[PDB]
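A quick write-up on the structure given underneath.
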Amino acid sequence: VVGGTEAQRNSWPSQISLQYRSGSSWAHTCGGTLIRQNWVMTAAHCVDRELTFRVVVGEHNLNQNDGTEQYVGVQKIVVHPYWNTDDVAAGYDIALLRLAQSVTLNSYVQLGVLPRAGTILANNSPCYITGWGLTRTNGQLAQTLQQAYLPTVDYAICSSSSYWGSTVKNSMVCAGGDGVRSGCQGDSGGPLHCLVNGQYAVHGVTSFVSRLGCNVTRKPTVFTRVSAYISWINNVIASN
Ligand SMILES: [Ca+2]
Ligand SMILES: [Xe]
């Protein structure tokens with residue numbers, strides 16, 4: 001999160017940290033959302049690599065004991081059958097993870113709320129992005145969860161020449177583009193929370209930013225549109 005601020009310890013309890021084993025430690029690599037006691041939603045491109053993955057819930061500071069963490073292994077990975085690592089611009093950047101154990105729900109660990117199928121947001125809707133990702137283009141991961149105010153940019157505007165052009169599709173959400181605030185590497189797979197009818201729901205899965213840099217004027221952060229994938233998500237959980 002570029003141009004973010006520190007989120008309160010209990011503001012976004014469905015946020016998780018996806019980490020892989022490295023030697024004798026684990027490294028953070030991506031965010032995700034807890035959507036079931038034993039199921040996580042994240043980005044497909046986050047699990048392209050055949051690593052050993054674990055999930056941490058109730059996490060706030062990556063390199064210090066918070067006293068609230070729960071650590072669970074990933075037992076099965078289901079990526080969207082249409083996803084293509086050589087073509088993120090094509091969409092379908094979404095995956096579901098089954099955990100080896102069911103986690104315990106509390107004030108720091110809660111299920112994310114999903115929008116209803118087909119739901120589209122108005123231009124300039126109020127949303128927040130959260131994550132432990134790079135705080136600067138080519139910078140460093142953050143230690144504590146960050147948040148940034150990121151209002152949507154509707155399809156007709158985001159798909160115009162001065163913005164992303166044909167690179168973005170209707171199965172994506174655009175947010176930001178102000179040159180100051182944005183997603184960045186290591187935020188991917190995490191939630192975009194949007195306020196709808198007085199409740200925060202997860203409308204997006206962080207997918208990509210411009211190759212020119214994370215916070216670039218007229219190049220909003222691009223998210224997978226969750227509301228496009230509700231049937232698939234339900235179908236997967238009911239059969240696994
Ligand atoms: Ca910690
Ligand atoms: Xe990103």
Side-chain angles (χ1 to χ4, degrees), residues 1-23 25-35 40-49 51-74 93-95 97 99 103 107-112 127-150 175-176 180-194 200 202-210 213-215 220-224 226:
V1 181
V2 171
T5 59
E6 196 190 338
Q8 197 32 287
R9 190 172 288 278
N10 58 340
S11 326
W12 314 104
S14 79
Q15 166 88 55
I16 77 78
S17 170
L18 187 70
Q19 326 182 329
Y20 63 102
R21 198 139 193 307
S22 356
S25 334
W26 306 79
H28 168 92
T29 181
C30 276
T33 305
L34 190 75
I35 60 170
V40 159
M41 174 174 67
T42 187
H45 77 258
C46 283
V47 288
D48 281 328
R49 245 267 118 195
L51 308 152
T52 285
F53 289 112
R54 92 171 162 185
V55 154
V56 191
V57 301
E59 179 79 285
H60 188 71
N61 182 322
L62 285 185
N63 17 256
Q64 282 170 205
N65 168 58
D66 286 292
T68 50
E69 295 90 334
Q70 292 172 62
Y71 308 90
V72 88
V74 173
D93 196 2
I94 185 168
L97 315 186
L99 312 176
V103 290
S107 103
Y108 309 102
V109 186
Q110 294 277 132
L111 305 191
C127 304
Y128 283 94
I129 185 178
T130 46
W132 284 279
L134 299 193
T135 59
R136 268 251 218 176
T137 303
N138 286 134
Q140 217 170 13
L141 290 175
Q143 279 179 27
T144 65
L145 187 67
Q146 304 285 302
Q147 76 187 45
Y149 180 64
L150 240 52
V180 178
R181 267 157 324 181
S182 98
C184 208
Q185 280 74 28
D187 284 325
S188 297
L192 182 70
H193 322 265
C194 300
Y200 273 100
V202 188
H203 275 255
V205 168
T206 310
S207 182
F208 60 86
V209 297
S210 163
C214 290
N215 60 315
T221 310
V222 186
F223 307 75
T224 296
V226 178

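We count residues from 1, following the sequence as given.
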How long is the straight-line distance from [atom2] of [Y] back to [atom1] of [X], given to the nearest 0.5 Å?
| X | Y | atom1 | atom2 | value |
| --- | --- | --- | --- | --- |
| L34 | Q110 | CG | CD | 9.0 Å |
| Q19 | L51 | CD | CG | 12.5 Å |
| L62 | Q143 | CG | CD | 8.0 Å |
| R9 | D66 | CZ | CG | 4.5 Å |
| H203 | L192 | NE2 | CG | 8.5 Å |
| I35 | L111 | CD1 | CG | 8.5 Å |

For the student: nearest non-hydrogen atoms of [X] and [Y], plus distance:
| X | Y | result |
| --- | --- | --- |
| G112 | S14 | N-CB, 3.4 Å |
| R21 | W26 | N-CE3, 3.3 Å |
| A95 | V47 | CB-CG2, 4.4 Å |
| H60 | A7 | CE1-O, 2.9 Å |
| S188 | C30 | O-CB, 3.5 Å |
| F53 | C46 | CZ-O, 3.9 Å |

Could you go through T29 and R49, starting from their C-alpha distance and side-chain angles, then the distance that decides it, and tell me whether this counts as side-chain contact (heavy atoms from CB on, under 4.5 Å)?
CA-CA 11 Å; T29 181; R49 245 267 118 195; over 6 Å; no
Quick one: do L134 and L141 satisfy side-chain contact (heavy atoms from CB on, under 4.5 Å)? Show the steps, please.
CA-CA 4 Å; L134 299 193; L141 290 175; 3.9 Å; yes
Side chain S182, main chain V2, donor-acceptor under 3.5 Å
no
Under a 3.5 Å distance rule, please check whether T135 uses its side chain to pair with a backbone N or O of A142 as donor and acceptor.
no
Test applied, side chain to side chain donor-acceptor pair (under 3.5 Å); reference residue, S207; option that passes from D93, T221, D187:
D93
Does [X], at its [atom1] atom, have more than 12 non-hydrogen atoms belonging to other residues, nucleotides or ligands within less than 6.0 Å?
| X | atom1 | answer |
| --- | --- | --- |
| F208 | CZ | yes |
| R136 | CZ | no |
| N138 | CG | no |

Looking only at side-chain N and O atoms, does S17 offer a donor or acceptor that is under 3.5 Å from a partner on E59?
no
Quick one: do the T130 and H193 side chains pair a donor with an acceptor below 3.5 Å?
yes
Have a look at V56 and tell me which of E69, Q70, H28 forms a side chain to side chain contact (heavy atoms under 4.5 Å, CB included) with it.
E69
Do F223 and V205 have side chains that get closer than 4.5 Å, going by heavy atoms?
no
Candidate pair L145 and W132, rule side-chain contact (heavy atoms from CB on, under 4.5 Å), full reasoning:
CA-CA 5 Å; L145 187 67; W132 284 279; 4.0 Å; yes
Determine, step by step, whether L18 and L97 satisfy the side-chain contact (heavy atoms from CB on, under 4.5 Å) criterion, reporting the C-alpha distance in whole Å, the side-chain angles of both residues, the deciding distance to 0.1 Å, and the verdict.
CA-CA 10 Å; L18 187 70; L97 315 186; 3.8 Å; yes
